[PDB]
Protein chains: 2
Amino acid sequence: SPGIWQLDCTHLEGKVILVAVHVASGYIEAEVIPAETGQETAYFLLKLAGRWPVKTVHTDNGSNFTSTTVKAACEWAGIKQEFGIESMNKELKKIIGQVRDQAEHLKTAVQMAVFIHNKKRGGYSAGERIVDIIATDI
Amino acid sequence: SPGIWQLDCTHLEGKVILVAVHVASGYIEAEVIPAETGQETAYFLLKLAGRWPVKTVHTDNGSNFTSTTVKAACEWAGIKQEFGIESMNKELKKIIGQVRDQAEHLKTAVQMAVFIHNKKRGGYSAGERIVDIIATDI
Ligand SMILES: O=C(O)Cc1c(C#Cc2cccs2)oc2ccc(-c3cccc(F)c3)cc12
Ligand SMILES: O=C(O)Cc1c(C#Cc2cccs2)oc2ccc(-c3cccc(F)c3)cc12
């Protein structure tokens, strides 16, 4: 469970936002991409696996089983793709809405929204939780 | 020291690679950017601060004191910019060289190289070190 992620897509302003959630913490990473092409997901997954333990990525549809570059990225980095395992996507759009005028590019708003999600709660934030799970594991 | 980073630039194939090193671990993040414009560094810094504790960013030159968007990003996220505090850039180009044919875009090679740097050593890797410092700190 230190290494289990979910990968989803949400849409704002005709752009695609790639969302990775660390299922045990609620920690999120996101990127705005022009078009959802296989090569985009592959770059995002390779960046995520260089940064954290990424052992299993669950997706809720078939799109990610049809990309040879996602498959090649996953092989290289030692990532198992799994089919099946959220309301994360709703929280994110709430925060993105509050900040949308505060900056020009959708992608800056997306990252401010990831920052608030990860750093907010007095218990632990999702950001402390992921470090605590992986530390506690090491 | 959990929150202290260095930010540098290196160059390959007429593109700029933005490198953040967590000084106490040797953990690195990198991005290929078209052109070094203020807005690029600002997006990278906001992504890094959503992911980790980023309290102080040291740079070795003046470029980052002249961008209103780096300044605005740093204010919003609570980042102190500092002037002054590597051979990281040499290790990275060694690994990038070994993988360069293994993939099309320079940026994929850059990320495979970050992955190897972060996961390699039997002591601790830079990736376990950063999680151990922040966990040990929390
Ligand atoms: O560079 C490529 O060849 C295609 C590619 C992208 C991308 C992108 C972009 C997004 C937006 C504009 S370009 O990310 C990757 C990650 C892994 C592999 C790969 C492939 C084989 C073995 C391996 F080890 C890795 C290939 C990619
Ligand atoms: O969206 C913008 O307005 C400009 C911007 C970029 C970028 C980029 C790109 C890179 C490559 C193509 S576009 O990253 C940022 C991070 C923070 C702030 C900012 C500004 C004021 C307050 C605050 F809280 C944040 C502005 C940006």
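Asks: Where do I start with the overall build of chain A in this structure?
Replies: Regarding its fold elements, chain A presents 5 helices and 5 strands. Put simply, chain A runs from its N terminus to its C terminus through helices and strands in the order β-β-β-α-β-α-β-α-α-α. A globule of 138 residues ought to have a C-alpha radius of gyration of about 14 Å, and chain A, at 15 Å, matches this closely. Principal-axis analysis of the C-alpha atoms places the extent of chain A at approximately 40 × 40 × 25 Å. Classification of the 138 residues of chain A by burial places 51% in the buried group. Across chain A, the 15 positively charged side chains and the 16 negatively charged ones have centroids separated by 3 Å.

Asks: Explain the site of ligand 2 here, please?
Replies: Surrounding ligand 2, one finds 14 residues, the nearest of these being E104, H105 and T108 of chain A together with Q39 and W76 of chain B. Neighbouring residues of ligand 2 are distributed over chains A and B. Contacts to ligand 2 include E104 of chain A, whose backbone N or O atom sits 2.9 Å from an oxygen atom. Measuring from an oxygen atom of ligand 2, one finds a backbone N or O atom of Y43 of chain B at 3.4 Å. Compared with its free state, where it exposes 600 Å², ligand 2 has 82% of that area covered by protein. Where the shell around ligand 2 is concerned, the elements lending two or more residues are α4 (106–119) of chain A together with α1 (38–51) and α2 (68–77) of chain B. Among the elements that make up the shell around ligand 2, the one with the highest residue count is α1 of chain B (5 residues).

Asks: Explain the site of ligand 1 to me, please; I cannot follow it from the model alone.
Replies: Around ligand 1, the surrounding shell holds 14 residues, and the nearest of these are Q39 and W76 of chain A together with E104, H105 and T108 of chain B. More than one chain reaches ligand 1: the nearby residues come from chains A and B. Here an oxygen atom of ligand 1 sits 3.4 Å away from a polar atom, N or O, in the main chain of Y43 of chain A. Tallying contributions element by element places helix α1 (residues 38–51) of chain A first for the shell around ligand 1, with 5 residues. A breakdown of the residues in the shell around ligand 1 according to their chemical character gives 7 nonpolar, 4 polar and 3 charged.

Reading the values: rules and limits
- Residues numbered from 1 in each chain as written, not as in the entry; some residues may be left out.
- Chains lettered and ligands numbered in written order.
- Heavy atoms only, no water.
- Helix = DSSP H or I, 4+ residues; strand = E, 2+ residues; numbered from the N terminus.
- Rg over C-alpha atoms; globule rule 2.2 N^0.38 Å.
- Buried < 20%, exposed > 50% of the residue type's maximum accessible area, 1.4 Å probe, protein only.
- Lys, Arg positive; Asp, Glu negative; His and termini not counted.
- Charge placed at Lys NZ, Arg CZ, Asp CG, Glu CD.
- Near = heavy atom within 4 Å.
- Polar contact = N/O pair within 3.5 Å; in protein donor to acceptor, adjacent residues only side chain to side chain.
- Areas by Shrake-Rupley, 256 points an atom, 1.4 Å probe, with all protein chains shown as cover.
- Nonpolar A, V, L, I, M, F, W, Y, C, P; charged D, E, K, R; others polar.

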